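Below: one protein chain in two forms, given as structure tokens, structure 1 then structure 2.
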Structure 1
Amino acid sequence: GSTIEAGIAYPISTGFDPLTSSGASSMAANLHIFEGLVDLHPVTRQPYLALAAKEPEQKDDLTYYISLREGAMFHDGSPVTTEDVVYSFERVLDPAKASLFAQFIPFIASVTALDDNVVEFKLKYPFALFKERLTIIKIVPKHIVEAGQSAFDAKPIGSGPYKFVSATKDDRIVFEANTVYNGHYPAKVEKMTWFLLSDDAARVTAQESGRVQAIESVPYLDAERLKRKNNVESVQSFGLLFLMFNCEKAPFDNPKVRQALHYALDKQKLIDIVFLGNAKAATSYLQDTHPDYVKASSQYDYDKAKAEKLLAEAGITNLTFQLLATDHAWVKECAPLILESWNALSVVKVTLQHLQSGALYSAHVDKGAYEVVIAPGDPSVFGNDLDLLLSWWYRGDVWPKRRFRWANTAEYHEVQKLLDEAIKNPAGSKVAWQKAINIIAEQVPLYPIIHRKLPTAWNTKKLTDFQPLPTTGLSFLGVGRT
């Protein structure tokens, strides 16, 4: 009766419905609970067949036929049917359903079932990464989702190698093995419990006491001490801290003001004291180790005087605003340093307010009831291609229109044209993406302050084949006990 126990670092901030499950711990749970037709490996990010019975057969440039894995089953016993696959795509694509993820499949024109086994995928244009993106659209049980979406959001039913048992905020997420799963990554333990330990001291203690076998997001100050008994490995990651403005609210609609507040921040002090060197001031949308990294034409290295000159040019004589920030432990350590830099400026006064992530977005950001936010973000949980990473924040309406309120600008429209150019025209995508990034880096509606490295601690003697993620989350796919 072997079990796994893990210490997770992000509180539950969304439900588990893949239509909208953007919170880290939710996404990390759904890698185990759901399957795309093809999935990405949480460590290697390589694609593998999941619900797809074999490699998608491409009839022509716009048309793909995909077949279902014989005997596929949802956790409630029903079979995975081709109607479920179609419902899964149509509901993400349906604007009335309010998904957070349709801007990850803009190339998809139709998803039609041809019979009990086969689904035709019709594309609006040739798109090379069609297999790669299927991991974003998890296949969901229509007949359960239609009896009540919010009940499914709280008790997710999937076809993955683990079934959901229960989830209790501040406590734990619980899974059990799915014994009819017939994919590539069957569950190697019976019971899996994820303790929700967002407090750094508590997370460390759990691991250092031996009460859990691995923990996410090792606190930087505790990293070396924990190597005494445990493997600790720090991975370079797209994971970042962004600065987000409400671009409908004066004076933050003036890019001139948004730039000054980046210049005012002393990133080096931040990297030394909070991250003990394990992060890097942003020099572009990507981190400098990302394969498509191309240095941006705007850089924002600590320059107070430029920040002053820019505010004077904007006509800011006495700005007061509240900074909203999430509750994560390392975001709490960054907030004073940030505020100290802004409050150093002659014309700016800044107060601070922390909120749980879930409440920050649903009660403040989603409603425009803010001015300035810092929060962590890691869209590479969805994959690593540049268009994916840009699209998260800059395609469509999910962030630019519903959240940072910049879709009204000409720069926004020009970023749309550039993003669409680059996925239609692979030959010219590099050039198009550099123009889009330079526009983003000059306008800074939402833009990274730093990218950081992720430490994961685990016990090599107790687990088998565990590897740390280059993103948020833990993965126990193919991971055994001992």
Structure 2
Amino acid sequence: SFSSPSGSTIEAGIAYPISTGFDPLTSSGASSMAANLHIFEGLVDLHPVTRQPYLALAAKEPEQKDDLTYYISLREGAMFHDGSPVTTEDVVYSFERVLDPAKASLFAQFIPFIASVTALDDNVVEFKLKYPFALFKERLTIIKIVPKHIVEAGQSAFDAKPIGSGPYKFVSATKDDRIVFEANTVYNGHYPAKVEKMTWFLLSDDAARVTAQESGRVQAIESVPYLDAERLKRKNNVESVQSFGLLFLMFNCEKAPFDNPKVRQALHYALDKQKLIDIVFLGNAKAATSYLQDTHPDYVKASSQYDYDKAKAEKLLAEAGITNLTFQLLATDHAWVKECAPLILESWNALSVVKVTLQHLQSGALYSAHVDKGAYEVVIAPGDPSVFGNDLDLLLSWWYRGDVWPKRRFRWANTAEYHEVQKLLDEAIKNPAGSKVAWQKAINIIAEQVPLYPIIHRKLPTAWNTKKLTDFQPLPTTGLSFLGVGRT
């Protein structure tokens, strides 16, 4: 639990390129958000491994003054990396810019219950919320605290050279090359740097990445290729961590016959999930038994299940009165989706009254020219909003709240089941004491109606050298965390 940084360095192999800058307002790329876990802090952060809240820039737990105003006090002594002090003006600014529609940041959608954020004094910030909201503490992690005097001297420059208060400071970042960190010696939070320098090499090529681990070039690598996991097990820990990240089956619920729940259920029953897991993922996935993956703390198995069953799939199609079902399955370009989609196709074409064809597409082209234009019937695509949070409201709302997905994408919002889901989401966050029952009820509606519903949840394989690193834990998301990790 104590490790001296001096003398120690960490080299890691990351799989995803740099694709966004490092400003927490706009940084949504996997490598950038993982970097920012080390560079920035929220008032409360979510542990990257366990996803539980911990005090970061807050000095103590939120003072919920009444049901609707929270007081938060800043950690005394906290400074940004250029030496200046983290002030309550920076806190207010960080929330205001994310909340400012002009800046069109992605992260504004996670905190819409917040009416105002104002500095009470030099140490205490006040949050006034529109409606009561019992997951308030959990959402603070999405808003990294940025130094306003540095940001407004040039937002694009800040983006390329981020200054935060986290335990690691940004040194440099080169596309397709490396990201370099160094310890923040004036950090006085709970996860101090245990090494003095840290380098993430971008190793997009799978063979190069495994080679880097095998040779001892890096001590840890993300996104281990499935087949190489066992050769790496001779000298390294290799762990496949259950992720919320999933492959979903989405239906245009306003196109006949996919407006019929029984047709949607039948296409689930027709898929041999066990065989897709074996062939495609070499075991590194699990069939959905709920909206959540089964290792989620809130997981409860859904009352509708879709275990492989061709004869039930045929019966429901006859029950739906289907004589001939001819349609096109859209799939994205991802290499593992290109292995899935053919298996899914031949499963559906094995049905007597069903004929399907596949059009593999890019992602912006699958959404723009097809899904947004309503010009589609069935879409299999990946998604993982757990990178932004772990709570049931965030995970359910991402796909089943607002007009983004249920109105304009899978067109299920004119239905009576939808209105009940909305009623239940709203009522889950009014007060925690009905939260789990309402969330599980909405999941049971979703799993029965199956407008957008996971097929499998992926396991994410990470490899690391336990002889070289201390307390390293793999992530149930994309990325790598070295918070609390040191060298032997």
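If you superpose the two forms and keep the largest set of C-alpha atoms that fall within 1.5 Å, you have the rigid core. Just so we're on the same page, residue numbers count up from 1 along structure 1's sequence.
Asks: Any chance the CA of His32 moves 2 angstroms or more between structures 1 and 2, core superposed?
Replies: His32 C-alpha, core-superposed: shift of less than 2 Å.
Asks: Quick one: core overlaid, is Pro141 moving 2 Å or more at the Cα between structures 1 and 2?
Replies: Result for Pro141: no, shift under 2 Å.
Asks: For this two-part rigid motion, what is the smaller part's turn angle between structures 1 and 2, in degrees?
Replies: When the larger parts are aligned, the smaller part is off by a rotation of 30 degrees.
Asks: Using the rigid core as the frame, report the C-alpha movement of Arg405 between structures 1 and 2, one decimal, in Å.
Replies: Looking at the C-alpha of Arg405 between structures 1 and 2, the offset is 12.1 Å.
Asks: Give the C-alpha shift of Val331 between structures 1 and 2, in Å, after superposing the two forms on their rigid core.
Replies: Value for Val331 between structures 1 and 2: 6.3 Å of C-alpha shift.
Asks: Fit the two forms on their core, then tell me the C-alpha shift of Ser217 between structures 1 and 2 in angstrom.
Replies: A shift of 0.5 Å.
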